[PDB]
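Alright, two takes on the same chain below, each alone as structure tokens: structure 1 and structure 2.
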Structure 1
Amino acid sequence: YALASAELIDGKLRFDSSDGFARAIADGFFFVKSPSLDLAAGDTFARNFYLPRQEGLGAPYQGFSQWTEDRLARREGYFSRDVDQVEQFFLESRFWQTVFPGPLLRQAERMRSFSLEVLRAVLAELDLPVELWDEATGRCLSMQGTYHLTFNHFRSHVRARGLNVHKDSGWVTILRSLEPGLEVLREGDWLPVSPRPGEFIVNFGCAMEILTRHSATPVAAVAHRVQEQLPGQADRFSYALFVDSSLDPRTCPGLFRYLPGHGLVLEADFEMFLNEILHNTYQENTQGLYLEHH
């Protein structure tokens, strides 16, 4: 099975098959053509952030193990996992200017703009009235949301799963990758997904699934994982722009569900939801999934 694919053209997702969008929201995953988007700075960071900083050209992209939660905020910065191959760097948008080199800041901003264009184009196809969009998606459309550029370095010397089964937490994720390894759950079976040059992989997160579950057009967020990587040639990396609701509780009170004819119902505390699913992603015998309520 091949995922649907689209081009973003003036706020409109044009899929390359008549059933493309229908398949995308059933599959939880689809491809989108990259606009003119230089990826060199992110690729450099993805190959260097975990290395010790040494004098030279690579130095500004190295040594980021020094950026931990105490210098940023909870859930931010560098993490080495015990029972996953990934070592990771998470960074929310409010820290990008302080922490990222200039070229990576600019790439992050361009990926953020593109990701929100993708989100608006998806919402435009759903039975969700525009007057509710800003509140319903956690104020991320008015630039008060939670935007991470997050990097995965798959340490092939670690004998463990590559990245545990999980759902992403938020609205859309725009994923930059080069190699096989991603598998998505489809009709009860694990489907390998390979990246495509000049394209990003897009997927929906839990917030999208919760918002639309009881609407006329429900959208799936689907479980996915990365296979254990074995040694030999460059380590696998990936990185992605994750779009999430605001984490400030006076800006966004949590995750909503839309009930047509009634309005938005506040279903879940988002920070609690996020803290739980994040922790469960990286333990030995749990998974990054959630139990649907009601």
Structure 2
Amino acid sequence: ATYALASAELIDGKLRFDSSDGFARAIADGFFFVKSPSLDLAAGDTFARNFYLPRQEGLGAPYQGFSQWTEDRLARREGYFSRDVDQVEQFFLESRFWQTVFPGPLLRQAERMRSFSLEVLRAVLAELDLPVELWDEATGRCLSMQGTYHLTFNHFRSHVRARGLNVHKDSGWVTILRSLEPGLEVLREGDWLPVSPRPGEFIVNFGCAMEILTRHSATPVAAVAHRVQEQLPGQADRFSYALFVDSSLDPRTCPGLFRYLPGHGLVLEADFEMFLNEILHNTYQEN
């Protein structure tokens, strides 16, 4: 519970770690720190503290009242959610909705977070056993701006009596997490490792797609389980928000989940269109 994650700075398109073993620990730990490149985080910090409030007429109004943005106005699992089994009250939003839903300054912050997240992804791929010509297809066309990018906000309600948020692994490639306060814990060597945020840095982790891609290469990358500890009603309300990078979900753009096989190239391990054809037949037969 005292192990320190590796930490890097993004310089000239490569991750410069503060120790020589840093990249190797990062892909073994599944989590690592990256210095924020002087990003303006105020619009996101404001939204994180206001989206769930009722909207009034102050200067915070554009960041308030996002209970109006529910799934029926967006798509399923997008928008505002007050779930109760964990403390977390959330706002999920994929990039195609950003210009419509977010105020100007938050729109710009989300777009800069997305581009930063993709620079981090490219910097990781540069160190992996993965030929450069395969990067765009291997990672689901997220690098050519055809992927799925969520900015998600977490409001931890101290007055609610439950887990911060339950154990989960992320689905996609990289996640860039902005947080200021303790609570995050990650699974390392069987034990839960508390991770305290560092000022001016993001926390980065990998998702299942990244592990599927690399686990048969010379440089397997771990997607690691993580959770948030219950926040106490001794004046908590913790806040966080993260940019999730996922593959395109359109089989006509990304056929599914690849594995890289050294010497052989990319092999399609999950064929999205084939699976959708099977679901159609099951749905047809089931009724």
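Each form is matched to the other, and the largest set of C-alpha atoms that superpose within 1.5 Å is called the rigid core. All residue numbers here follow the sequence of structure 1, with the first residue given the number 1.
*If we fit on the core, is the Cα of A22 displaced 2 Å or more between the two structures?*
No, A22 moves less than 2 Å.
*By the 2 angstroms cut-off, has the C-alpha of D235 moved between the two structures once the rigid core is superposed?*
No, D235 moves less than 2 Å.
*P35 C-alpha moves between the two structures by 2 Å or more, core aligned*: Moves: no, less than 2 Å.
*If the rigid core is lined up, how many Å does the C-alpha atom of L274 shift between the two structures?*
In the core superposition between the two structures, the C-alpha of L274 moves 13.8 Å.
_After superposing on the core, C-alpha shift for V265 between the two structures in angstrom_ = So the C-alpha of this residue moves 2.4 Å.
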